[PDB]
Amino acid sequence: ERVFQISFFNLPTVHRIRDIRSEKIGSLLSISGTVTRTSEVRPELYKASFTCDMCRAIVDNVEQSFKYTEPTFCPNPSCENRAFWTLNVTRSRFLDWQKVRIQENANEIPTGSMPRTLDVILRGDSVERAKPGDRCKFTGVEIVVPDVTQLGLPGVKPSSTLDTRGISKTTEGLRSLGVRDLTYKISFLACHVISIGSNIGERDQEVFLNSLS
Amino acid sequence: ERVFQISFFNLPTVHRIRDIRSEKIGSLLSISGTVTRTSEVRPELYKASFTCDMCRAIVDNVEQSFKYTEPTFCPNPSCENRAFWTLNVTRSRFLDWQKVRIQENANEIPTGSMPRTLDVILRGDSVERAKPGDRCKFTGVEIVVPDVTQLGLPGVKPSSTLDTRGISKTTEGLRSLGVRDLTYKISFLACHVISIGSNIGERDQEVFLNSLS
Amino acid sequence: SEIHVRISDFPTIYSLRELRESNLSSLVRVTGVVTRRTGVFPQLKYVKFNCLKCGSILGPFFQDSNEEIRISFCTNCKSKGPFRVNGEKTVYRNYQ
Ligand SMILES: [Zn+2]
Ligand SMILES: [Zn+2]
Ligand SMILES: [Zn+2]
């Protein structure tokens, strides 16, 4: 099956990098910025195909959303456990992936502050449409990505522990639980990349005169 | 596939139970004896159907020769080990098996000796043709069966050890070998059973008058 | 006991900047300038083990270049004990 990508453009407003707020996470947005770093094109696990460790039958077309996930269904009835799996990288499907870093435009930086950066990720056909040093308008979705460096930051960092209310227990003997931090940074995932001119306002001549009306 | 059985009968000679010697093991033979005990008809594993433990795939039509055997081939190429298997008793094939004990005929006993018994095994259609208390002529093969009671008997009991001459070893460190005793007793595997008269020389009358000439 | 076949004059020509999702597990012909190279390392090719329980030396097994290979049975003492790779009886290929 061919993967399709929907690219939206001509959004009514264009946001600065510093205008990005947490209320717009998971929402369609258009930002602008100057590209500083471009990574090389890398494969991203889209449709993972797994084999169970002890039943050893192959299953395919597993949804992959950001962090790496393994299925717990195990549809064959031969075995009885869910957690143990092994990835088949040859059989699984991948998409193009690029992490391009963008910086606030020089006219948009506030009075005394330094420019702040943002890692926007391009997937599929949008990859390699941005060059080091040009001004690009990215249309996409404001996403959120796990950050570990917020451990030393002041303030109450949210955390997640397992709720145990409907679980029966006995004090037979022979008390451990899984608690994990909720610390994140805002990132962007663009479906449309257009390069507006770095100015204020292809070697062959034929392709140039074809472009002009 | 049905399980065909070849029964031979009318051999030129019939041997006594004390005429049984080790040099006729694996040979066609006819003996006569008085049946003393008959066992319940039981199933015997004829074609085993096994499942590999970590392949979890089934294999069938495995020959079982006397003692219980497990295949080590595993034509499924998923596994790399041969010893580990499980038996599926429902899918495997069985055959009718009976063990009947026979004793010396009264005239055949020597001068001062007590009668000696032999366990003759009937398979297939020959089961339940031997009844307690009658003189019977068995035709079959002198087979051999493992015996544990010969442990304290005088004489050198033969034993088998692994021959280790072409096996390379290293004294890395961190010497055990498998040895078994080859002690055996003679038994009989009969394909044909006929009940000659317990005398020296069916209630309905029609079935009796039809038999006469 | 090993003959390597080298395919020459592959028609499709790719630059390193245009390798994409479609070229995985496929033959690509790419040009470029070598920046730096590592030393020649021995990679396991015909891997041979020994069992710590009995000291028996197992048969040679081919090492796939994709992943490490491991053995779980001894076939002499019938144990799943810790097997160790001995380098004197293991055969290697060159790696760079
Ligand atoms: Zn499974
Ligand atoms: Zn197997
Ligand atoms: Zn061993």
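About the criteria used
Residues numbered from 1 in each chain as written, not as in the entry; some residues may be left out. Chains lettered and ligands numbered in written order. Part of a larger assembly, values for the part shown. Heavy atoms only, no water. Pairing = 2+ DSSP bridges. Helix = DSSP H or I, 4+ residues; strand = E, 2+ residues; numbered from the N terminus. Donors = N, O, S within 2.8 Å, 3.2 Å for Na, K, Ca; no water. Tetrahedral: all angles 85-135°; square planar, octahedral: opposite > 155°, others 65-115°. Buried < 20%, exposed > 50% of the residue type's maximum accessible area, 1.4 Å probe, protein only. Core = buried A, V, L, I, M, F, W, Y, C linked by side-chain atoms within 4.5 Å. Contact = heavy atoms within 4.5 Å. Domains from an automatic or database assignment. Buried area = accessible area lost by both parts, 1.4 Å probe. Salt bridge = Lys/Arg side-chain N within 4 Å of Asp/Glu carboxyl O. Polar contact = N/O pair within 3.5 Å; in protein donor to acceptor, adjacent residues only side chain to side chain.

Determination of this PDB entry was carried out by cryo-EM to a resolution of 2.9 Å, according to the record.

Participant: Is there a simple way to think about the pairing of strand 6 (residues 117–123) of chain A in this case?
Facilitator: The side chains of a regular strand alternate between both faces of the sheet. Residues and elements named next belong to chain A. Alignment of strand 5 (residues 93–103) against strand 6, held across seven bridges, turns out to be antiparallel. When the bridges of strand 6 are listed, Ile102 appears paired with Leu118. As paired elements, strand 6 and strand 10 (residues 184–194) share three bridges and run parallel to each other. The residue of strand 10 that forms the bridge with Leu122 is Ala190.

Participant: Please explain the coordination of the zinc ion (ligand 1) as it appears in this structure.
Facilitator: Geometrically, a metal with four donors at the corners of a regular tetrahedron has ideal angles of 109.5 degrees, and one with six donors at the corners of a regular octahedron has ideal angles of 90 or 180 degrees. All names here are of chain A. Protein coordination of the zinc ion (ligand 1) is provided by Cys52 (SG), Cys55 (SG), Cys74 (SG) and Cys79 (SG), with donor distances spanning 2.3 Å. One can describe the site at the zinc ion (ligand 1) as tetrahedral: its four donor atoms subtend angles covering 97 to 119 degrees at the metal. Mapped onto the sequence, the residues coordinating the zinc ion (ligand 1) show the spacing C-x2-C-x18-C-x4-C. Residue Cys55 is found in the loop between strand 2 (42–52) and strand 3 (58–63), and its partner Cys74 is found in the loop between strand 3 and strand 4 (85–87); the two are separated by 19 residues along the sequence. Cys55 sits in the buried class, given a relative accessible area of 7%.

Participant: In this structure, what is going on with the nonpolar core? I would like to understand it.
Facilitator: Burial of nonpolar side chains together is a common tendency in soluble globular proteins. Formed by 18 residues in total, the largest nonpolar core has its most connected members in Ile31(A), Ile102(A), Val120(A), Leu122(A) and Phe138(A). Secondary structure elements with two or more residues in this core: strand 1 (28–38), strand 5, strand 6, strand 7 (135–146) and strand 10 of chain A. Contacts of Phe138(A), omitting those with residues within four sequence positions, involve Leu29(A), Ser30(A), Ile31(A), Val35(A), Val100(A), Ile102(A), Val120(A), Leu122(A), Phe188(A), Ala190(A), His192(A) and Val193(A). Listed in part, the 17 residues of the second largest apolar core include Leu29(B), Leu122(B), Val127(B) and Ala130(B).

Participant: Explain the domain arrangement of chain A here, please?
Facilitator: When the parts of a complex come together, some accessible area is lost, and that lost area is often taken as the interface size. Residues and elements named next belong to chain A. Segmentation of chain A into domains returns domain 1 (14–42 + 96–147 + 183–197) and domain 2 (43–95). On a C-alpha basis, the centres of domain 1 and domain 2 stand 32 Å from each other. Every contact between the two is made by eight residues of domain 1 and, on the other side, six residues of domain 2. Summing the contributions of domain 1 and of domain 2, the shared interface buries around 560 Å²; its carbon and sulfur component is 62%. For the domain 1 face of the interface with domain 2, the top three residues by lost area are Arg42, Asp96 and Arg123, together amounting to 59%. One can count one salt bridge joining domain 1 with domain 2. Residue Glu44 is joined to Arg123 by a salt bridge in which the shortest nitrogen-to-oxygen separation is 3.2 Å. The interface formed by domain 1 and domain 2 includes one residue pair in polar contact.

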